[PDB]
>>> print(open('final-v2.pdb').read())   # PDB, C-alpha atoms and all ligand atoms
ATOM      1  CA  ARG A  17     -21.255  -4.043  16.575
ATOM      2  CA  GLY A  18     -18.693  -4.467  19.361
ATOM      3  CA  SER A  19     -15.032  -4.025  18.449
ATOM      4  CA  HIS A  20     -11.971  -5.336  20.254
ATOM      5  CA  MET A  21     -10.451  -1.853  20.079
ATOM      6  CA  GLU A  22     -13.285  -0.233  22.039
ATOM      7  CA  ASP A  23     -13.006  -2.886  24.750
ATOM      8  CA  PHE A  24      -9.216  -2.422  24.840
ATOM      9  CA  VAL A  25      -9.529   1.373  25.153
ATOM     10  CA  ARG A  26     -12.003   0.995  28.029
ATOM     11  CA  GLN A  27      -9.719  -1.299  30.053
ATOM     12  CA  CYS A  28      -6.455   0.545  29.226
ATOM     13  CA  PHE A  29      -7.363   4.170  30.038
ATOM     14  CA  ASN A  30      -8.853   5.430  33.266
ATOM     15  CA  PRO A  31     -12.611   6.155  33.266
ATOM     16  CA  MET A  32     -12.170   9.921  33.549
ATOM     17  CA  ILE A  33     -10.178   9.962  30.305
ATOM     18  CA  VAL A  34     -12.590   7.663  28.464
ATOM     19  CA  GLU A  35     -15.560   9.808  29.496
ATOM     20  CA  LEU A  36     -13.778  12.963  28.337
ATOM     21  CA  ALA A  37     -12.933  11.303  25.027
ATOM     22  CA  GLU A  38     -16.543  10.216  24.470
ATOM     23  CA  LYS A  39     -17.907  13.674  25.261
ATOM     24  CA  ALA A  40     -15.336  15.122  22.858
ATOM     25  CA  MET A  41     -16.271  12.709  20.060
ATOM     26  CA  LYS A  42     -20.024  13.318  20.301
ATOM     27  CA  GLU A  43     -19.581  17.081  20.756
ATOM     28  CA  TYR A  44     -18.209  16.906  17.206
ATOM     29  CA  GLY A  45     -20.720  14.173  16.302
ATOM     30  CA  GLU A  46     -18.712  10.941  16.126
ATOM     31  CA  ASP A  47     -19.260   7.447  17.496
ATOM     32  CA  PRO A  48     -16.667   5.760  19.754
ATOM     33  CA  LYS A  49     -18.206   2.381  18.884
ATOM     34  CA  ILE A  50     -17.656   2.829  15.129
ATOM     35  CA  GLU A  51     -14.630   5.125  14.770
ATOM     36  CA  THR A  52     -12.619   3.196  17.328
ATOM     37  CA  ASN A  53      -9.081   4.115  16.273
ATOM     38  CA  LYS A  54      -9.992   7.786  16.690
ATOM     39  CA  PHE A  55     -11.416   6.859  20.099
ATOM     40  CA  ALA A  56      -8.043   5.353  20.972
ATOM     41  CA  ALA A  57      -6.126   8.381  19.685
ATOM     42  CA  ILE A  58      -8.285  10.893  21.550
ATOM     43  CA  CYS A  59      -7.811   8.998  24.818
ATOM     44  CA  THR A  60      -4.063   8.893  24.186
ATOM     45  CA  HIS A  61      -3.878  12.603  23.366
ATOM     46  CA  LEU A  62      -5.860  13.386  26.529
ATOM     47  CA  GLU A  63      -3.594  11.292  28.760
ATOM     48  CA  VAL A  64      -0.444  12.846  27.297
ATOM     49  CA  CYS A  65      -1.866  16.333  27.802
ATOM     50  CA  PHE A  66      -2.633  15.483  31.440
ATOM     51  CA  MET A  67       0.750  13.841  32.049
ATOM     52  CA  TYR A  68       2.331  16.904  30.427
ATOM     53  CA  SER A  69       0.565  19.388  32.715
ATOM     54  CA  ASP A  70       1.657  17.257  35.685
ATOM     55  CA  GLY A  71       5.289  17.788  34.679
ATOM     56  CA  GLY A  72       5.577  21.429  35.717
ATOM     57  CA  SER A  73       5.303  23.353  38.952
ATOM     58  CA  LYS A  74       1.946  23.550  40.725
ATOM     59  CA  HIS A  75       0.497  26.626  38.994
ATOM     60  CA  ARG A  76       2.526  26.373  35.799
ATOM     61  CA  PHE A  77      -0.065  25.170  33.283
ATOM     62  CA  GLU A  78      -3.638  26.076  32.465
ATOM     63  CA  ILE A  79      -5.316  23.042  30.873
ATOM     64  CA  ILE A  80      -7.459  23.790  27.815
ATOM     65  CA  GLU A  81      -7.812  20.288  26.368
ATOM     66  CA  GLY A  82     -10.621  18.245  27.891
ATOM     67  CA  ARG A  83     -13.152  21.089  28.196
ATOM     68  CA  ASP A  84     -16.306  22.043  26.372
ATOM     69  CA  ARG A  85     -15.508  24.081  23.277
ATOM     70  CA  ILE A  86     -17.229  27.116  24.805
ATOM     71  CA  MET A  87     -15.407  27.167  28.139
ATOM     72  CA  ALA A  88     -12.077  26.302  26.510
ATOM     73  CA  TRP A  89     -12.277  29.424  24.346
ATOM     74  CA  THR A  90     -13.496  31.375  27.379
ATOM     75  CA  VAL A  91     -10.314  30.463  29.254
ATOM     76  CA  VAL A  92      -8.226  31.237  26.156
ATOM     77  CA  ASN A  93      -9.752  34.721  25.973
ATOM     78  CA  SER A  94      -9.136  35.274  29.681
ATOM     79  CA  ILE A  95      -5.504  34.275  29.197
ATOM     80  CA  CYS A  96      -5.074  36.505  26.142
ATOM     81  CA  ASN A  97      -6.953  39.473  27.597
ATOM     82  CA  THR A  98      -4.729  39.339  30.710
ATOM     83  CA  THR A  99      -1.335  38.491  29.176
ATOM     84  CA  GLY A 100      -1.790  40.255  25.830
ATOM     85  CA  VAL A 101      -0.595  37.078  24.091
ATOM     86  CA  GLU A 102      -2.044  36.639  20.610
ATOM     87  CA  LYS A 103      -5.323  34.706  20.317
ATOM     88  CA  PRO A 104      -4.568  31.448  18.459
ATOM     89  CA  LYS A 105      -6.650  30.586  15.422
ATOM     90  CA  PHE A 106      -7.378  27.073  16.705
ATOM     91  CA  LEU A 107      -7.801  25.667  20.202
ATOM     92  CA  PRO A 108      -4.502  24.933  21.995
ATOM     93  CA  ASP A 109      -4.044  22.311  24.737
ATOM     94  CA  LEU A 110      -2.284  24.196  27.529
ATOM     95  CA  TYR A 111      -1.062  27.635  28.416
ATOM     96  CA  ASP A 112       2.384  27.891  29.994
ATOM     97  CA  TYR A 113       2.328  30.570  32.678
ATOM     98  CA  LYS A 114       6.117  30.298  33.034
ATOM     99  CA  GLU A 115       7.048  30.690  29.361
ATOM    100  CA  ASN A 116       3.924  32.752  28.503
ATOM    101  CA  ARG A 117       2.761  30.732  25.512
ATOM    102  CA  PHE A 118       0.116  28.285  24.398
ATOM    103  CA  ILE A 119       1.144  24.714  23.622
ATOM    104  CA  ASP A 120      -0.451  22.338  21.138
ATOM    105  CA  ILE A 121       0.694  18.814  21.986
ATOM    106  CA  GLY A 122       0.604  16.220  19.222
ATOM    107  CA  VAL A 123       0.805  12.437  19.196
ATOM    108  CA  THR A 124       1.631  10.741  15.903
ATOM    109  CA  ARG A 125       2.338   7.372  14.341
ATOM    110  CA  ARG A 126       4.386   9.049  11.570
ATOM    111  CA  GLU A 127       7.799  10.679  11.710
ATOM    112  CA  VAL A 128       7.549  13.562  14.156
ATOM    113  CA  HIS A 129       8.526  16.128  11.541
ATOM    114  CA  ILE A 130       6.006  15.028   8.923
ATOM    115  CA  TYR A 131       3.424  15.656  11.653
ATOM    116  CA  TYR A 132       4.977  18.858  13.032
ATOM    117  CA  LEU A 133       5.187  20.556   9.632
ATOM    118  CA  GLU A 134       1.504  19.940   8.902
ATOM    119  CA  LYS A 135       0.547  21.123  12.393
ATOM    120  CA  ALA A 136       2.777  24.158  11.829
ATOM    121  CA  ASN A 137       1.105  25.335   8.624
ATOM    122  CA  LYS A 138      -2.434  24.420   9.707
ATOM    123  CA  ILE A 139      -2.082  26.632  12.772
ATOM    124  CA  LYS A 140       0.073  29.216  10.939
ATOM    125  CA  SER A 141      -0.073  30.925  14.350
ATOM    126  CA  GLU A 142       3.447  32.222  14.913
ATOM    127  CA  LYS A 143       3.051  32.400  18.706
ATOM    128  CA  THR A 144       1.672  28.966  19.674
ATOM    129  CA  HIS A 145       4.308  26.455  20.812
ATOM    130  CA  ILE A 146       4.173  22.955  19.291
ATOM    131  CA  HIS A 147       5.309  19.752  20.992
ATOM    132  CA  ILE A 148       5.035  16.411  19.165
ATOM    133  CA  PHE A 149       5.429  12.907  20.610
ATOM    134  CA  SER A 150       5.579   9.676  18.621
ATOM    135  CA  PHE A 151       4.845   6.079  19.597
ATOM    136  CA  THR A 152       8.532   5.291  18.965
ATOM    137  CA  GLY A 153      10.061   7.450  21.690
ATOM    138  CA  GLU A 154      10.833  10.496  19.558
ATOM    139  CA  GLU A 155       9.750  14.059  20.219
ATOM    140  CA  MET A 156      10.094  17.403  18.457
ATOM    141  CA  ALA A 157       9.283  20.827  19.871
ATOM    142  CA  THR A 158       9.269  24.375  18.545
ATOM    143  CA  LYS A 159      12.709  26.042  18.677
ATOM    144  CA  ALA A 160      14.082  22.817  20.218
ATOM    145  CA  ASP A 161      12.538  24.214  23.436
ATOM    146  CA  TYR A 162      11.038  21.147  25.118
ATOM    147  CA  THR A 163       9.478  23.041  28.075
ATOM    148  CA  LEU A 164       9.641  20.231  30.637
ATOM    149  CA  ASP A 165      12.733  18.535  31.986
ATOM    150  CA  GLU A 166      13.864  15.179  30.627
ATOM    151  CA  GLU A 167      12.232  12.943  33.267
ATOM    152  CA  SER A 168       8.718  14.246  32.623
ATOM    153  CA  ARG A 169       9.031  13.800  28.865
ATOM    154  CA  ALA A 170      10.583  10.352  29.309
ATOM    155  CA  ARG A 171       7.548   9.388  31.407
ATOM    156  CA  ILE A 172       5.317  10.303  28.469
ATOM    157  CA  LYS A 173       7.379   8.369  25.912
ATOM    158  CA  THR A 174       7.390   5.237  28.093
ATOM    159  CA  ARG A 175       3.618   5.315  28.402
ATOM    160  CA  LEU A 176       3.161   5.791  24.654
ATOM    161  CA  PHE A 177       5.349   2.764  23.936
ATOM    162  CA  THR A 178       3.386   0.673  26.452
ATOM    163  CA  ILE A 179       0.141   1.554  24.677
ATOM    164  CA  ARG A 180       1.729   0.470  21.400
ATOM    165  CA  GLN A 181       2.871  -2.871  22.841
ATOM    166  CA  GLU A 182      -0.591  -3.494  24.308
ATOM    167  CA  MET A 183      -2.205  -2.844  20.912
ATOM    168  CA  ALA A 184       0.437  -4.910  19.125
ATOM    169  CA  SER A 185      -0.081  -7.734  21.625
ATOM    170  CA  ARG A 186      -3.769  -7.693  20.581
ATOM    171  CA  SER A 187      -3.231  -7.371  16.789
ATOM    172  CA  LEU A 188      -4.822  -3.895  16.850
ATOM    173  CA  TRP A 189      -1.602  -1.960  16.274
ATOM    174  CA  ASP A 190      -1.471  -2.449  12.499
ATOM    175  CA  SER A 191      -5.011  -1.172  11.953
ATOM    176  CA  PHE A 192      -4.244   1.672  14.363
ATOM    177  CA  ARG A 193      -0.975   2.739  12.710
ATOM    178  CA  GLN A 194      -2.448   2.572   9.194
ATOM    179  CA  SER A 195      -5.578   4.545  10.120
ATOM    180  CA  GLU A 196      -3.892   7.868  10.994
TER     181      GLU A 196
HETATM  182 MN    MN B   1      -6.426  19.880  21.806
HETATM  183 MN    MN B   2      -3.115  18.683  20.651
END
>>> encode(input="final-v2.pdb", output="C-alpha cells")
Amino acid sequence: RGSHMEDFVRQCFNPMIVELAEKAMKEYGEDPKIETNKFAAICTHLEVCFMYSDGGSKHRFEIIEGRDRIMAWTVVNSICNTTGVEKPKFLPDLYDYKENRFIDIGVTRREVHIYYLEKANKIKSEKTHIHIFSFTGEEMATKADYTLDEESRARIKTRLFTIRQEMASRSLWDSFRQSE
C-alpha cells in the first residue's frame, strides 16, 4: 500500500537522508512504507542533526547520528577513552569538541519542555547535553547553553516550519502531529 506521506518524504528530503533513514528503520526492524510518520520524523531528525553539525567550525563536531549502531558506539568509545568524558547510557547525536560534551538533539511536535523533561529522565546521564527544537520555532537547551550562534539555530527553525507547511498543505500534518 502506497501512502502520500512516503511519497512526500521522498520528494522533500535529499536522497542521502532518505537512504540513511531507511537503513536506520530496518536496522531496528521497521517499515518506511507502513510506519510513514516515523519515516518522516527520522528524516527530519537526521536533517536537523546535519544542519546542526554544519553550524560550528570545521572540526567542531563529531557526528554520531546516521551511522551503524556498531560504529557509532565505536566512535563514542574513542571519544570517551581519549577525553575521559563519561560514556552515555544511550547513543548521542554529536560530540562537541569545543565544549567537550555529547549532544542529543530532539525534534518534537509537543511543547519543548514536555519533550525535554522526558528526554532528561530517560537518559538520566548527567553529562550529555540536550537540545530540543519544535516545529513552531521554539528551542530549549541544557543550562540555557544553546551551543551554536543564533543564525545557525534560526536556519534550523525555518526549515522545520517549512516542513510543517508542506505537510499541512498536503493534509498530512494533522496525522503527523497526532502520531508522536
Ligand atoms: Mn540519535
Ligand atoms: Mn536525537
>>> resolve_selection(input="final-v2.pdb", expression="the PyMOL selection byres (((chain A and resi 128-140) around 10) and not hetatm)", output="PyMOL selection string")
chain A and resi 104-108+120-127+141-152+154-158
>>> resolve_selection(input="final-v2.pdb", expression="the PyMOL selection byres (((chain A and resi 88) around 12) and not hetatm)", output="tab-separated table (two decimals) with C-alpha atoms, keeping the file's coordinate frame")
chain	number	residue	atom	x	y	z
A	78	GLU	CA	-3.64	26.08	32.47
A	79	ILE	CA	-5.32	23.04	30.87
A	80	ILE	CA	-7.46	23.79	27.82
A	81	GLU	CA	-7.81	20.29	26.37
A	82	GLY	CA	-10.62	18.24	27.89
A	83	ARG	CA	-13.15	21.09	28.20
A	84	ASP	CA	-16.31	22.04	26.37
A	85	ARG	CA	-15.51	24.08	23.28
A	86	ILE	CA	-17.23	27.12	24.80
A	87	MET	CA	-15.41	27.17	28.14
A	89	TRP	CA	-12.28	29.42	24.35
A	90	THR	CA	-13.50	31.38	27.38
A	91	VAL	CA	-10.31	30.46	29.25
A	92	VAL	CA	-8.23	31.24	26.16
A	93	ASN	CA	-9.75	34.72	25.97
A	94	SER	CA	-9.14	35.27	29.68
A	95	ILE	CA	-5.50	34.28	29.20
A	106	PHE	CA	-7.38	27.07	16.70
A	107	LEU	CA	-7.80	25.67	20.20
A	108	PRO	CA	-4.50	24.93	22.00
A	109	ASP	CA	-4.04	22.31	24.74
A	110	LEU	CA	-2.28	24.20	27.53
A	111	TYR	CA	-1.06	27.64	28.42
>>> residues_around(input="final-v2.pdb", residues="residue A:39", least_positions_apart="3", cutoff="12 Å", atoms="only C-alpha atoms", output="PyMOL selection string")
chain A and resi 32-36+42-48+55+58-59+82-85
>>> closest_residue(input="final-v2.pdb", among="A:24, A:113, A:17, A:75", to="residue A:185", atoms="only C-alpha atoms")
A:24
>>> axis_aligned_box(input="final-v2.pdb", around="stretch 178-182 of chain A", padding_each_side="3 Å", output="JSON")
{"center_x": 1.4, "center_y": -1.0, "center_z": 23.9, "size_x": 10.0, "size_y": 11.0, "size_z": 11.1}
>>> residues_around(input="final-v2.pdb", residues="stretch 69-74 of chain A", least_positions_apart="6", cutoff="9 Å", atoms="only C-alpha atoms", output="list in words")
residues 110, 163, 164, 165, 167, 168 and 169 of chain A
>>> atom_distance(input="final-v2.pdb", atom1="atom CA of residue A:189", atom2="atom CA of residue A:172")
18.6 Å
>>> atom_distance(input="final-v2.pdb", atom1="atom CA of residue A:57", atom2="atom CA of residue A:77")
22.4 Å
>>> atom_distance(input="final-v2.pdb", atom1="atom CA of residue A:28", atom2="atom CA of residue A:179")
8.1 Å
>>> residues_around(input="final-v2.pdb", residues="residue A:186", least_positions_apart="5", cutoff="10 Å", atoms="all atoms listed in the file", output="list in words")
residues 20, 21, 24, 180 and 181 of chain A
>>> closest_residue(input="final-v2.pdb", among="A:61, A:76, A:193, A:159", to="ligand MN 2 (chain B)", atoms="all atoms listed in the file")
A:61
>>> closest_residue(input="final-v2.pdb", among="A:187, A:68, A:38, A:96", to="residue A:50", atoms="only C-alpha atoms")
A:38
>>> closest_residue(input="final-v2.pdb", among="A:60, A:53, A:98, A:116", to="ligand MN 1 (chain B)", atoms="only C-alpha atoms and all ligand atoms")
A:60
